[PDB]
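Peer 1: Protein chains in written order, with our numbering: chain H, 1 to 202; chain Y, 1001 to 1198; chain E, 2001 to 2202; chain U, 3001 to 3191; chain X, 4001 to 4192; chain C, 5001 to 5192; chain L, 6001 to 6233; chain R, 7001 to 7048. The beta-carbon is built from N, C-alpha and C at its ideal position, and this holds for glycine as well.
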Amino acid sequence: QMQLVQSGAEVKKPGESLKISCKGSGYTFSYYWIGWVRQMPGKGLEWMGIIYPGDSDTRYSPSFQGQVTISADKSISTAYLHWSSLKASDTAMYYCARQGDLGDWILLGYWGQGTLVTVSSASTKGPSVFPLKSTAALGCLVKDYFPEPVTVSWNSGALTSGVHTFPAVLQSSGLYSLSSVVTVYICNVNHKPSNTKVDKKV
Amino acid sequence: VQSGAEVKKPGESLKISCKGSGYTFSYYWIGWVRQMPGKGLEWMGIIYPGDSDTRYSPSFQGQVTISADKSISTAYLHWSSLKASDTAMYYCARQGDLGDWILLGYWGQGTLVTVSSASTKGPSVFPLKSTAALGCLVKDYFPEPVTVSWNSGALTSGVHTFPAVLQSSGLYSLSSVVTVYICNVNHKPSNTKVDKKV
Amino acid sequence: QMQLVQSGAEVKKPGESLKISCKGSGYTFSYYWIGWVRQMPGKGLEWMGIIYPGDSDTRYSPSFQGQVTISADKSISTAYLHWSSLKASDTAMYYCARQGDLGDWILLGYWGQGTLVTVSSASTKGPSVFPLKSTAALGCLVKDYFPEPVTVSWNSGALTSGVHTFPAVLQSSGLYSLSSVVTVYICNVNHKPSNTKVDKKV
Amino acid sequence: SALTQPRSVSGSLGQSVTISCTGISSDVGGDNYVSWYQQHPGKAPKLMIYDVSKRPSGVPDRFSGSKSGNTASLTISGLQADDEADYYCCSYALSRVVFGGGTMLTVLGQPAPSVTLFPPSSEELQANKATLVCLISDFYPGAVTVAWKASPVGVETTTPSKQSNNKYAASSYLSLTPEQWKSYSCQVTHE
Amino acid sequence: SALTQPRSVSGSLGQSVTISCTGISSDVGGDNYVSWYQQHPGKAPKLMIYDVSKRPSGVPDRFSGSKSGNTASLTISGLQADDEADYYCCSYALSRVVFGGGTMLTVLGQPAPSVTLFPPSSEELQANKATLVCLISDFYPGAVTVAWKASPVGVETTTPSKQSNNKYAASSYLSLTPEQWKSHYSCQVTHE
Amino acid sequence: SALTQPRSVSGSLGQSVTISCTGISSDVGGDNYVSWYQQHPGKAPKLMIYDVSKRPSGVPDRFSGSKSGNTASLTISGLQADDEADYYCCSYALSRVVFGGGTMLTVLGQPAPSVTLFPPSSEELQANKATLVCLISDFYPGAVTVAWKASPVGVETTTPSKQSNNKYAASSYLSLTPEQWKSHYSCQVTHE
Amino acid sequence: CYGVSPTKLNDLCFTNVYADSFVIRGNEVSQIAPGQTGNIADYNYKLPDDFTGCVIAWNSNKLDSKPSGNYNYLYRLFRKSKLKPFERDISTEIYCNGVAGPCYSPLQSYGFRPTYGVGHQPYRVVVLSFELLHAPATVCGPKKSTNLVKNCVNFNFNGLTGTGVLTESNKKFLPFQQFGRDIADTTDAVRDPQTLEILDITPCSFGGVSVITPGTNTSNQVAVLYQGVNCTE
Amino acid sequence: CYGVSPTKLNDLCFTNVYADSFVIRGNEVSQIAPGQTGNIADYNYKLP
């Protein structure tokens, strides 16, 4: 079966010009089109452009003529995007799509797993973890963190059954807060985009 | 080195592969040649590393397609709606700087694809005056490619493996000897390993 | 950022026709010219030729039309050189360069790490290490080694402060010798052409 | 041209739904350049309906479409629990992909939220923090009010929640000081 | 057209052998589109003889070919034990690859088969089985006969073996009931 | 044509140097096909000055070039201690790049070298060897006299040295017999 | 296609078609035409000024080229004089002494390598030399033959189309003569491809039409005079 | 361009211009032309 995977989600500051790529395998990544889409969640989706890795052929949307360019490498079968002068209006979700043998060249056959990119100037403030009649269940609290994507695990992922994670709650001061409980223990929180890992035991 | 041949039924779209080295996969023709048990080689077609100007044999125009991978220099083949007569030893060959573009300079290893529908019955091992030599017996197994080893391959000299004998009930039976001890039998189609000591 | 790397240094005899490689990443390799530069010890630079990874439009220098060919693997974006009829006049340094976004197609934007090809006939003679009132520092001496690229380390490189290495001294008999001291211990010497590591203690 | 779709839609289980989307263009070659995509909240989109005259592989037969002038309709018979996702119409007649406004299919069906309390730890009390958490979940409707009683009671909460087990959840953080906590009960309000 | 090759040949150590190859076509551009391949039994094929007007690299000089009209011949000298392999001639004048009918190279030379008998194990007797195995090996000629004595006695046997030690091997598996086995056997081997 | 460059030049700290290089050709489309490259001893070359009408990215503003007919000039202001490297002119007007003879840029400045002695180990003495090593370092000039006292005493040494820490060093290996080594030494050092 | 049409070719006949096969360099495809000059034309293969046929040529870089150097193709670079049209020269003489080194070897090799782009790639050329003339036709197109009728229908003898009547002739056509030609450069008789009988080709009946009419202001009745044609015809 | 020049085209008028569109094989481009013959020019699309 054909496989497709994007790069990990990252958070960059305006002016870094990240290089989120896309890895393809399981087929000849030269005769199938590939593209990307991104738009504010409150506005839906928007098509950026497509590229044919077989030869020199690129088509971009009128709304992305000079805002972003699309490139691809036929050798390692890996596409490569490139941005210029990132602004605050670039905090959108990036999904990739391919031609596929189902429809025409413009029809989007398959999709990736997604890559979240958020534009912020909060200097990537590190998160903090604080623990919490029932005893029975335990839980931990993560507060004082500006970035939204935060991964919470228990015993480095040793416990999977009975573990649940609630969505984050944005406070009025501009900070998020989420709750993670486990049915019964060290709650490990590792912020991958910032490489910040904080451990806490109930 | 090539991938193993798993027992498949006609219509499952199996895949074979071969790994080559010692050249650049840029402008050298490469193809696949099969060999059915009891006959000679049969050339199907070739593929070019650049524009895939594939030229298939008249007897293989709509029976097999070439889906070789260029990024890893590993050849692959794709099938669809196979038949029982598709069991053959596929050899991967390349152009080479020895002869012309159609001439085959080098060859691969070859893998014999096995097609059967006997539900892949599990094998069985049974033990056996010379002491001095010992041996083990393997019976009640339908698949042919069954190998027998001694002490997980610790003894190599003085070890011989006889070909399997086709039984009247469709099964096979193999015998092995060793110069003298645990005999290990591995069954690839069923992924079952049985150990026996004389 | 764009990166470039070559293969390790090699030492062969005249008539073996050695082969070198070079791998690049971080950019569209098939859209930038790439070549090699010959540098003989004690003289100026020499240019052999370049090659385009898309189509190998090789343009060799008039002084290098029948001495060495240039090839590149477009499937993996890796160049490959092939020297025919190796002689004693091929003991020069080979630096690779790419086009880049700085100048034109012929302008060399960036450079590689370099690969040393030393012509010799001593059949790769094995090295030997010998150790050394004033105590205070300790040192080791490496003698009877024909190949030049020989490095000396202390405790497998665990100690770096106070460590110094002097250039090798070529004797009249045809053997090199270098001195390495450490501020105060096992001195480790690695021989690349023979892949032999000799351990010595003062 | 720009595609037009309602901001939000709703439909009970077992009944059919006809999502409308206008703005279809036509060129030389045909006018059936209409496809649909299903994007679950917080998940990757999937190709469900393209070339409505045909159907893809693996897609259930309960999805269908039809063309009528410049207006298309997506007919989904037998709405189930896994059908709660966003649907987007696509037009690709001018060699360009145009997405619609998006329609969130909020399914309805037959549904007492659980009330729990969790006191803060000593690490927060030592840092002049008395954040009390009142966890409320196991409620089917997408509306829930969480508060505290001293006097009607900083406090923040989120009404919606991601769908992972066909159920909704909620949580609140009564970010107060221990000096005011020592000087309370969680308030639950639901339809 | 189909290439015709002899099914089996009989050579000798130190002598020569000529493998025939007929049915070779030709097109405009030449008539030397003849190539031979060496494929060992159960191993990977290797290019041995191509462009008989020239000599391939790495192939010993004791291999050569000739052309006479539409019939070609493969002249091989110095037949040894390791030279036992399959050979096929190829014709690619019309940009189509064709192969012959298969050739098996056998050599003659100076050749007592090993006759061993093993009684059935206890695990077979507990399963109401009694398998009498008579192993035969270490015989160069291809003449062997397996028989047992009860009055003469399902039973299957395979005369050819696998190319692993350059020696032939045959075995037979007589399956009988333990009640009839305990009520009485010997193996009779006939060899040149 | 061939580019001409001075082999060795002399400079100073804080001064300026104007590297000259002639023999530059021209073609239709322009005549500014002039570029410069810097290669430190024991390091990979780096592009410092190309298209002298402009300046590259990351290169300090102290490097600049100019054109005057068929002669180019490379002006470097503020010669620091780490600027000691080779420079080459390049002409790519005829689609063929050429390099000059190389300009070794040296600087002068304000400079008692350290003299140490190390006797050989027993492993060399047991093998009928005696290597007397006299280490000289902490001297600014690129030349130093190495000798020994017996009356002043094969022996080889290297006069130049790499710029590892903006300094120069020297080493010598007096290979003698253990009997002559035990029969007496003192290293004789003479500085300019 | 000189003298013939690339599409209107399956409806004609030919005497003897010869397909000249040779591979030349990519950029060297300039002199393959009637009346060309150059090294390749005057040294290896020259076309006559009256050439008739299609000079078929296509790229074959993927077949006649090898990265290690495909030196099996040679070309004559030096020659004592210019080559005549349709002439072959395979001599390996040196164009002095017995060996070269001072005179040089006129048989150089092509550097056919896939590295070289367009211009140096090998190109296979198939010169389909056609000769359509009064010679007996031995090869024709896939068109089928119809029934033969004699005594005003359209005829088609080996691609020679026309209109006329057929009559039993008493001529003495030779076995190697297929078509006949009169003073007016027209075909007066032709030999059938199937049967060896000779039939004359005579145009159908015709004649001038003179209208005899009075003034329009007098009457409208007119008379017709078939001048040169009898009333019985 | 038959009867008209490709460059001197923006300075002329037309009664009714019809832009046809159809995809054919690569070797069939020599058949889409007036007076040509073949399978396409006789069965699918012909120019006067």
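Buried or exposed: which applies to residue 1061(Y), given that a residue is buried once 16 or more other Cβ atoms fall within 10 Å of its Cβ?
Peer 2: When all chains shown are included, residue 1061(Y) counts as exposed.
Peer 1: Could you list which residues in chain H have their beta carbon closer than 8 Å to that of residue 1003(Y), in chain order?
Peer 2: Ordered by position in chain H, no residue passes the 8 Å Cβ test against residue 1003(Y), which lies about 15 Å from the chain.
Peer 1: Note the first and the last residue of the continuous alpha helix (DSSP H) segment covering residue 7040(R).
Peer 2: First-last of the alpha helix (DSSP H) with residue 7040(R): 7040-7043.
Peer 1: Should residue 4123(X) and residue 1126(Y) be called a contact, given that it needs their Cβ atoms to be closer than 9 Å?
Peer 2: Taking 9 Å as the Cβ cut-off, residue 4123(X) and residue 1126(Y) qualify as a contacting pair.
Peer 1: In the DSSP output, what is residue 6122(L) paired with across the bridge?
Peer 2: Per DSSP, 6025(L).
Peer 1: So, is residue 5048(C) buried or exposed, given that buried needs 16 or more other C-beta atoms within 10 angstroms?
Peer 2: Its Cβ being crowded by 16 or more others within 10 Å, residue 5048(C) is buried.
Peer 1: Output, in chain order, the set of chain C residues within a Cβ distance shorter than 7 Å of residue 2167(E).
Peer 2: Simply 5158, 5161, 5162.
Peer 1: Going by beta-carbon coordinates alone, are residue 3003(U) and residue 3089(U) separated by less than 9 Å?
Peer 2: A contact, by the Cβ cut-off of 9 Å.
Peer 1: Rounded to a whole number of angstroms, what is the C-alpha to C-alpha distance between residue 6175(L) and residue 6184(L)?
Peer 2: Going by the C-alpha atoms only, they are around 24 Å apart.
Peer 1: Looking only at its own chain, which residues have a Cβ that is under 8 Å from the Cβ of residue 128(H), when we skip the five neighbours before and after it?
Peer 2: Contacts found: 142, 143, 144, 145, 198.
Peer 1: On the three-state DSSP scale, how would you describe residue 1127(Y)?
Peer 2: Looking at residue 1127(Y) - three-state DSSP - the assignment turns out to be strand.
Peer 1: What does the alpha-carbon distance come out to for the pair residue 5167(C) and residue 1072(Y)?
Peer 2: Answer to the nearest angstrom: the Cα atoms are 49 Å apart.
Peer 1: Ignore the nearest five residues each way along the sequence and tell me which others in residue 2060(E)'s own chain have a CB closer than 6 Å to its CB.
Peer 2: Contacts found: 2049.
Peer 1: So what does residue 191(H) bridge to, in DSSP terms?
Peer 2: According to DSSP, which records beta bridges pairwise, residue 191(H) is partnered with 196(H).
Peer 1: Starting from the C-beta of residue 5109(C), find all residues in its chain whose C-beta is less than 6 Å away, skip the five residues before and the five after it, and write them out in chain order.
Peer 2: Cβ within range, chain order: 5013.
Peer 1: Considering only residues of the segment 113-193 of chain H, which uninterrupted beta strand (DSSP E) runs meet the minimum length of 3 residues and lie entirely inside it, listed in chain order?
Peer 2: Counting whole runs of 3 or more residues, the segment 113-193 of chain H contains the beta strand (DSSP E) stretches 128-131, 137-143, 151-154, 163-165, 176-183, 186-191.
Peer 1: Could you tell me whether the Cβ atoms of residue 3186(U) and residue 3125(U) are closer together than 9 Å?
Peer 2: Contact flag unset, no.
Peer 1: Give a single yes or no on whether residue 5092(C) has its beta carbon closer than 8 Å to a heavy atom of the ligand PLP.
Peer 2: This structure lacks the ligand PLP, and indeed carries no ligand of any kind.
Peer 1: Interface residues of chain E around residue 1049(Y) at Cβ under 7 Å?
Peer 2: Those within 7 Å of residue 1049(Y) in chain E are 2075.
Peer 1: Any idea if residue 4184(X) is buried or exposed, counting beta-carbon neighbours within 10 angstroms, 16 or more meaning buried?
Peer 2: By the 10 Å Cβ count, residue 4184(X) comes out exposed.
Peer 1: First and last residue of the alpha helix (DSSP H) that includes residue 33(H)?
Peer 2: Residue 33(H) -> no alpha helix (DSSP H), and no H or E assigned at all.
Peer 1: Please report the straight-line C-alpha distance between residue 1158(Y) and residue 4078(X), rounded to a whole angstrom.
Peer 2: Spanning the two alpha carbons is a distance of roughly 30 Å.
Peer 1: Less than 9 Å between CB atoms is the rule here; does residue 2056(E) satisfy it with respect to chain L?
Peer 2: True, the Cβ-Cβ gap to chain L drops below 9 Å.
Peer 1: Examine chain B for any beta-carbon lying closer than 9 Å to the beta-carbon of residue 6063(L), and answer yes or no.
Peer 2: The question asks about chain B, but that chain is absent: this structure's protein chains are H, Y, E, U, X, C, L and R.
Peer 1: Can you list, in chain order, the residues of its chain with a C-beta nearer than 7 Å to that of residue 205(H)? Leave out the 5 residues immediately preceding and following it.
Peer 2: This structure cannot settle anything about residue 205(H), because the visible part of chain H is limited to 1 through 202.
Peer 1: Just the chain Y side, please: which residues come within less than 8 Å of residue 6068(L) by C-beta, in chain order?
Peer 2: Under the 8 Å cutoff, chain Y gives 1097.
Peer 1: When the cut-off is 9 Å and only beta carbons count, does residue 6122(L) lie next to chain E?
Peer 2: It does not: the Cβ of residue 6122(L) has no partner Cβ on chain E nearer than 9 Å.
Peer 1: Look at the Cβ atom of residue 3147(U), then the Cβ atom of residue 114(H), and state whether they are nearer than 9 Å.
Peer 2: Contact flag unset, no.
Peer 1: On a Cα-Cα basis, can you pick out the residue from 2121(E), 2156(E), 2181(E) that is closest to residue 2140(E)?
Peer 2: The option with the nearest alpha carbon to residue 2140(E) is 2181(E).
Peer 1: With H, G and I counted as helix, E and B as strand and the rest as coil, what does DSSP make of residue 2104(E)?
Peer 2: In this structure, residue 2104(E) counts as coil in the three-state DSSP scheme.
Peer 1: Checking the sheet assignment: what are the DSSP bridge partners for residue 2082(E)?
Peer 2: DSSP, once it has assigned bridges, lists 2019(E), 2069(E) as partnering residue 2082(E).
Peer 1: Only counting the same chain, and skipping five residues up and downstream in sequence, which positions put a Cβ closer than 6 Å to that of residue 2040(E)?
Peer 2: Contacts found: 2092.
Peer 1: Is it a yes or a no for the segment 1095-1102 of chain Y touching the segment 1074-1081 of chain Y, going by three-plus beta-carbon pairs under 8 Å?
Peer 2: No, the segment 1095-1102 of chain Y does not touch the segment 1074-1081 of chain Y.
Peer 1: Classify residue 6235(L): buried if its beta carbon has 16 or more other beta carbons within 10 angstroms, exposed otherwise.
Peer 2: In the structure displayed, chain L extends from 6001 to 6233; residue 6235(L) sits before or after that span and is not available.
Peer 1: Applying a beta-carbon distance threshold of less than 8 Å, which residues of chain L neighbour residue 7007(R)?
Peer 2: Correct list: empty, because the minimum Cβ distance to chain L is about 28 Å.
Peer 1: Which of the three DSSP states, helix, strand or coil, is assigned to residue 1040(Y)?
Peer 2: Of the three classes helix, strand and coil, the one that applies to residue 1040(Y) here is coil, per DSSP.
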